[PDB]
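Just so it is clear, A, B, C, D, E, F, G, H, I, J and K label the chains in written order, and each chain counts residues from 1 on its own.
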Amino acid sequence: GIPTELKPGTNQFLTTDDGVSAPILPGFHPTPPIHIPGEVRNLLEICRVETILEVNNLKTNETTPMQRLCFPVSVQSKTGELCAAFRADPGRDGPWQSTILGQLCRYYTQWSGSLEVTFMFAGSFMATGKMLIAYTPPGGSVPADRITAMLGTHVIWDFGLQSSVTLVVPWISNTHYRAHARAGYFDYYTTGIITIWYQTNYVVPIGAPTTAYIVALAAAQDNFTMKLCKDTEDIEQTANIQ
Amino acid sequence: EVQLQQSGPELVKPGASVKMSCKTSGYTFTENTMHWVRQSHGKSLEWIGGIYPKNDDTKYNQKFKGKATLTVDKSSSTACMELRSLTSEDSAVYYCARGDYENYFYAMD
Amino acid sequence: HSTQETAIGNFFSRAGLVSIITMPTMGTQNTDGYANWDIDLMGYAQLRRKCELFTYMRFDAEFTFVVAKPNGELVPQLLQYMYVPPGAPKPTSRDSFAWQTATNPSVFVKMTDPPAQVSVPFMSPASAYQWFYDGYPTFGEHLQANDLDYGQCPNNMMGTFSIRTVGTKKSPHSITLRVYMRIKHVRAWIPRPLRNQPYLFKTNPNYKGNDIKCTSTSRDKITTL
Amino acid sequence: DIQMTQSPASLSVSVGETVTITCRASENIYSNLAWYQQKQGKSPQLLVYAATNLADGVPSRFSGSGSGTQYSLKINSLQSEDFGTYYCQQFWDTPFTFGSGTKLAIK
Amino acid sequence: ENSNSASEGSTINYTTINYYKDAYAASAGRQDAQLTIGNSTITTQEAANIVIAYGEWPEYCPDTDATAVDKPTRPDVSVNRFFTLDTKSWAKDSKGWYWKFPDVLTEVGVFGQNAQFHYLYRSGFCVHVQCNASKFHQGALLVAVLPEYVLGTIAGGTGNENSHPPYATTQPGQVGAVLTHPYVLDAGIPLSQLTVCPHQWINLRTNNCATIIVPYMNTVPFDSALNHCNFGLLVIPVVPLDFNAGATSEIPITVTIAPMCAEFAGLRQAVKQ
Amino acid sequence: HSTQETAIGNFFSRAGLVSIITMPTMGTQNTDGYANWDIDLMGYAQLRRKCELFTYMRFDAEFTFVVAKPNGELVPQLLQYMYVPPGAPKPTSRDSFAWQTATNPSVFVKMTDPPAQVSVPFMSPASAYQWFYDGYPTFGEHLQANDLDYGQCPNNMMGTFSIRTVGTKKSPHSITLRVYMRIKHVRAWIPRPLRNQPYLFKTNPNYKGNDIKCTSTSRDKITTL
Amino acid sequence: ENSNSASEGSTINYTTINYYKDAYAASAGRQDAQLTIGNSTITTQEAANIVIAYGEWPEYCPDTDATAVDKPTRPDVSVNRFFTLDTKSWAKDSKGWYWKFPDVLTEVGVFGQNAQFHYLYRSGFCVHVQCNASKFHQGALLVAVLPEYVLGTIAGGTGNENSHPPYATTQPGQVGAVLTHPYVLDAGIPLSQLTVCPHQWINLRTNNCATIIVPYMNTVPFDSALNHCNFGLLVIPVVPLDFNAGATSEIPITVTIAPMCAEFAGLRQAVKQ
Amino acid sequence: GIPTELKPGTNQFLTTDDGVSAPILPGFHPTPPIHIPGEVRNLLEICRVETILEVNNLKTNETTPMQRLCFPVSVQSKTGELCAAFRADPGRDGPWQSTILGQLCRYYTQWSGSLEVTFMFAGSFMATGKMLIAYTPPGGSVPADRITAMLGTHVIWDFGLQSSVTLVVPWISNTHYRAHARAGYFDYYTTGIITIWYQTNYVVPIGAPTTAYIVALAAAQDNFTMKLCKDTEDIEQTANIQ
Amino acid sequence: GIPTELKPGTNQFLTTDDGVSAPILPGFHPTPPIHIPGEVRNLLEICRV
Amino acid sequence: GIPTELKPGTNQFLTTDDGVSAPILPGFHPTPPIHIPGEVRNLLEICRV
Amino acid sequence: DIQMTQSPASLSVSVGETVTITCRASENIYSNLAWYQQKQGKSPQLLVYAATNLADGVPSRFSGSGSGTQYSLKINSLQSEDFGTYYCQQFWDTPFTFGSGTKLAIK
């Protein structure tokens, strides 16, 4: 018949390769489809939803996990005290693991785009105050005081007026894409440090509570992309599922 | 021709740590692996883990992986293992015996 | 910056291990040379946590059958692997009549033969698969004896696998089979939050109450890194 | 993890008789066997390794044999200094596992 | 070549190679105002934009998707109206509450008696969560809608025991039930990601009400009302209410839901459960 | 007199040996049937001295996997070879969960099977590979303990190889693997002088100071030949 | 078929066969005046033709190649000007000198303080080497520019020890450093082939000056100024200066460099190292 | 199915053969390329650069390798003395191994084209003199005196005027291409002998040094070509790279 | 000849798969058909009796 | 992929058969030919001397 | 390069007893073994080659045996002229390597 010579790669099974196989049931027809709400044609539509970021994660909160979703805000004796600080890299162990963006950035190695971190004030209606929310480009540590945290990209946000603020972490990178930063040698992908500072103070009248809780929320912008699909670190099977 | 001398019996309260020592001679110390074996009652034996004393090479039993560590000093010849979070049933006599050249197999002589 | 990688097609187009069928000579479970396997995707964790991202899913599957001895060696032994649709006869032995494959699809493959692939369509009587079914498929009073029926979707039971050594006599070789699945032509609906807790059972999402694991990794103070 | 079982657990025999002890593995190693002799309050000593070859300093009265999974150790003829427990080992896969032991007394 | 593949219903075409007669054996291929009144009911819930779940209003069943030969019943006025369920009470030790739909309405009104006489069921729902507190209080709630919400158990806490939730847990009724592990939602899934589903935050310093318009979400056009529960309703406080002594200690929560475009089929004898 | 041979395409289109993975039964390093290999092209001299001619390079690779016993014999043994992207789980044994390949690409090949080829794209987050990186990728004070970080480009770490004998048990055969690379679709920038000194290490261009070798071959007098 | 291959950016097309959907899996395929003033500065360096490195003038970053969302800073006058570094002295036993860029200018001027306040960095450079000798002297210098110049060690001389160059060797500063093995350039690469890189010969009987216009050469549009050193500057005498007794024994060498089209991004707090 | 018969050459792996393999990562896209200066689309652009040729290579210069790049020129008592002589074959062991052309002619067997050898005078400004630079076609030895070296292709070059001279070695061959000449049987490819002769003398005034150093430089012309790619002799791996 | 690589599913026999086999008797012709009453082209005609 | 069945004559080497093999040296070009007197395109020209 | 090790290094035995010496190779030769006897101040002499067949002029008291890697040499019964060092060789790969030697004294 037709002369043919085989080449290397014969009789190999590549899991990811797209082939063509033989049908098991000729003449078959599927059940006719219907309209089901909420169809997802791409995963980036899911990464853009706003899910609770856990800023407060401690070793004393493991017994009561619900304390992990909010961090306190109280009246201060000294002005300019630091409240919360955390890294901005979503694919890194830390606050970002509770975000649906964080769990979907485990399946992908490299990621590029501008993120967003939204805060929500759950305190009373009579509570007034303003806090500075800053983002520090890589290369520094946590800013020691507020005078060093102003030099980044910061936003001033008021409790008594707006109950929510959207901080847009810009994309500042020496590369078009970015891999997931971790300890040691791969930390050169470090995204930055997001800090929250008391600017004036948290002022409360007579009768209203002197404490307040802020809930953090994180999502992605329109230009956020991912690539190089990968296994995930989180799920662990040590024994057979019975 | 080959002598292996260990430390003396040691007693400790539960929860603390202990470090033994195994000193040998009669052969090149870097060319032979060493293993550790525990004997519980009455005759029961288990295999702790091996070590290859060139730089480091380590193989732990999956059960004892967390409860034991293995370090080797290549200058002065010794083999030391350290135990963390001791308990009641962890009390046993411990053995140290030399392996095979460039190999963990060929059971200890 | 193309979004093609994030599409649900390329995300489910990877191939992964659904189940492992073991057929030894000496032992307890299957000593007779035939093994029946009920169809479940929930056996292994990695492929399960992808499918549990969504609720309803409509897809076509491509299976690959990797046969080897448990030590990796390969010997020239002939094997038959057939698909038993729901309600068909299940073979009670390797010489039985159910293997005449007058209807049920079957496959004739060797061990040295490269793996076998088959394309399986969407046969569910509903419009899409649902791994999460809230309700009792029965009727009448629901007691604690039939409580096991919770979360059991009758639309998701697609049949039973069957495989045998081809012959009247018994073969000295012990075989193990690893079946893989490649999800293609996939549609999706109603995304759900992923599971942070370890899996326990196949049929229901039980979590160990004393083992509850914080999703995020703890640190010392929130003002330091 | 491969397990091994020895039979019998306690074998009582006088001096001058042949003794055959066995060791069985769940998987087929083919290459690896080590029989030990541990006296009372003493460290173990290697007798026969690789299921056949006897080690140095071991008398010629000990002849081991076997293939596949099931293995054996034959002692002819028994002397007065040979009493003690015996063990069997696999080199094949980690962890290295030992038998339950066989006590040899005097009848 | 007729298309027997599983993507035939979509309006998107792909470029795919096929060596056989069956299209499902092909490759994957490269890809290319107001005053809301149900019939006679009124609520006050303000204002303007409210959440439509998945951007679809509840509607009837199209003639293409319905395989039932019989003509369904559409009791527009008697069925679709605001139904106020039992009130809860918020406490500082509170955890959460979950309702199953359409479990709560099977015993209430004409909607309850038609679901008993009829076999199949289809409807959309309208959920209204109601909470009131003064300007001196503080707190936050999360009202979510989870399609096909399973209830997992703790497996005895050792993990080796197989335990299933009882009938009273999976079929609460209009009285609801409380969550013993809000962090895993008793499903083994995190609370932090719960907002992927349709949600509204009730924050006591901003809004006192929440409204979620839920369409009918199922793999089949009609479903059974008694056996199959479609979606759950989770009200879980994220931030605990805190008030100084002397204020009102009892802060109630009220759930008023209404069906929308309810179709019933398969008339039969009365069946309770 | 055509210049096609001197083009950078035909000059890099040859295939050469990047690394040799050894997996014996008896020994020290890998006795368990699995071998993890970090990706490096610097292991062998001939292919390295071509890539060090230039500075920045952008190319797609095609790997070929030659499996044999160390004496050249071939036996019917089944093998799995998977690619672990940076940050994925690394298997600690051959029975572990990382081999379920629910995402990571994997290959199923025998020893008698002709070699396996795969096309690997350009995945570096930068625009091109750089084998010579002058700087410290970290921040803060640079001491003598972290001095090893000099010349380490984080953009050049592409993953870890992994291979195992397929099965639960251990195979009696010792396998060795020779991986080859064919550079195709190549672009180049900023040529550099070639290295006349012998290689010492993989990660840095250290030369033996006492072994300094004159490039040209010496002669007696410059007025004679 | 969309092109996912690695050659897609080039303007040259090839004829290549592909059996799959991904183009990177295809085959290889068949192939088809003056008075230089930065802002306020002047040099005398003569004359006419000077070396442009790789035939490209330093320019700004095109909008297609820049992924940074923020708007970069362009301090035209304060940044770009001639900077005179420390002078050297030529000796008959001399070997060579190497400077790292932009290491030398991080501590000097406004350019130094902006590189500290800013994260990313981009600039072109202009190198001017300055040497003066009478008509009775003789000698030759080789001024080269090596992109990504690594510093290798001697491995203790036995070759079995792993040694890395210290921070003072790889980050010399404006004072430069001397080469202990000019023949291998302490990189393991020959000096005879050094002229492959952009070079100019300073011959004392012809020209007293050398000028090399260096563009920005990196795999990324913006880079960090503190961590990553782009290219080195090697001044290695090939022919030793020889002068009879009674002449001037001290012949200095001066390096005056200027940045060209410097863009800074990612403003932050001051970071020294 | 389609009838087919296999032919010899099945299941062979040819390293140089251009095949088509299976993609590992579907849906992937590369990092978008940017403009990097100095792109090299062909190696002949590199062979045309001018690199230092080592004319002085001795057994006494191995301790101080920098003396190897220059050869001395001094005032002579007798006129017509020979200064330097070396072979013109670039792919041969000798002076040409230090040239980037020489190291790139090791990867290719056959070579054809006209070369160029440039000289540079590093002496003083007051130094004057002229030297003859000749090329002898194959078949002779080193010319005994200058009267036999004039009969080739020579150039007269002056120090006091021009500081550099470009000698163009013509292509004289009995074959279209030429392989690399070496000792014994393959010497029939010998290119020639390049000599440098004092014509007048090296004249120095009072106060200027009486010695001078000339640096040799070599490159290739536009028509230089190569073929038959090959392994190289220079690089040697005797042990594993750790 | 033509370069070709085999894919999984080689050398498998699927009973239901529709292939093409080799003729046993070249140049053969069937007995010419006639009209037999009661032809059944589909089984649903039988299920309706 | 494309269904194919092998026929007898597979894996045989016929010395006289004209096949197609793989090139050893891509991008190669021969030495350009020149005019050599006395070219013989057929052996019958020799048998006529 | 294949290496071989013999055990024991020095074996002291009187006249009339069986002596078993061993030789182990790092790789499996299967085909090649040579045992030598070198007296004091004398040239070596070949005894058994190919691991089994005894050479010419060698008495029948020497019986070698083995397979694969591990090999052995058995002497029964020992006489008074057999004292001396013993060596083992491989023919398989260059270089041909020799053992460390085994001294046989009188007890």
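The rule is simple: a contact is a pair of C-beta atoms (placed from the backbone, for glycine too) under 8 Å apart; a residue touches a chain by one contact, two chains touch by 3 or more.
**Student:** Compute the shortest path length in steps from subunit B to subunit F over the network of touching chains.
**Tutor:** The fewest touching-chain steps linking subunit B to subunit F number 1.
**Student:** Does the subunit D and subunit K pair touch with the same residues on each side or with different residues, judged by whether over half of the numbers are shared?
**Tutor:** Different: when the shared numbers are divided by all numbers used, the fraction is under half.
**Student:** By the contact definition above, name the pair with the higher C-beta contact count: G-H or B-D.
**Tutor:** Answer by contact count: G-H.
**Student:** Pick the chain whose C-alpha centre of mass, unweighted, sits closest to the average of all protein C-alpha coordinates shown.
**Tutor:** Most central by this criterion: F.
**Student:** What's the farthest chain from subunit C if centres are computed as the mean of the Cα atoms?
**Tutor:** Ranked by distance of C-alpha centres from subunit C, the top chain is H.
**Student:** Pick out the pair in A-E or A-G whose interface repeats that of G-H, meaning over half of the contact pairs match by residue number.
**Tutor:** Over half of the G-H contact pairs recur in A-E.
**Student:** Subunit A to subunit D: how many Å between their CA centres?
**Tutor:** 61
**Student:** Subunit E to subunit I: how many Å between their CA centres?
**Tutor:** Between these chains, centre-to-centre, one finds 52 Å.
**Student:** Centroid from C-alpha atoms only, then distance subunit E to subunit J, rounded to Å. What do you get?
**Tutor:** Computed from C-alpha means, the inter-chain centre distance equals 76 Å.
**Student:** Among all residues of subunit C, which ones touch two or more of the remaining chains?
**Tutor:** In subunit C, the residues touching two or more other chains are 1-2, 4-5, 7, 9-10, 13-16, 44-46, 56, 58, 64, 66, 105, 114-115, 117-122, 126-128, 184, 187, 189-191, 193-196, 200-201, 212, 215.
**Student:** Can you pull out the residues of subunit B that are in contact with at least two other chains?
**Tutor:** Subunit B, residues with two or more chain partners: 59, 104-105.
**Student:** Return the residues of subunit K touching two or more other chains; collapse runs of consecutive numbers into ranges.
**Tutor:** There are none in subunit K.
**Student:** If we count contacts the way the header does, which residues on subunit I are in touch with subunit J in the complex?
**Tutor:** 1, 4, 6-7, 19-20
**Student:** For subunit J, which residues count as touching subunit E in their complex?
**Tutor:** 1-3
**Student:** Taking the complex as given, what residues does subunit J use to touch subunit H?
**Tutor:** Contact set of subunit J toward subunit H: 2-11, 13, 19-26, 28-29, 31-32.
**Student:** Would you mind writing out the residues of subunit D in touch with subunit K in their complex?
**Tutor:** Touch list, subunit D to subunit K: 50, 53-54, 56-57, 60.
**Student:** What residues on subunit F touch subunit B, complex-wise?
**Tutor:** Checking each residue of subunit F against subunit B gives 26-29, 31.
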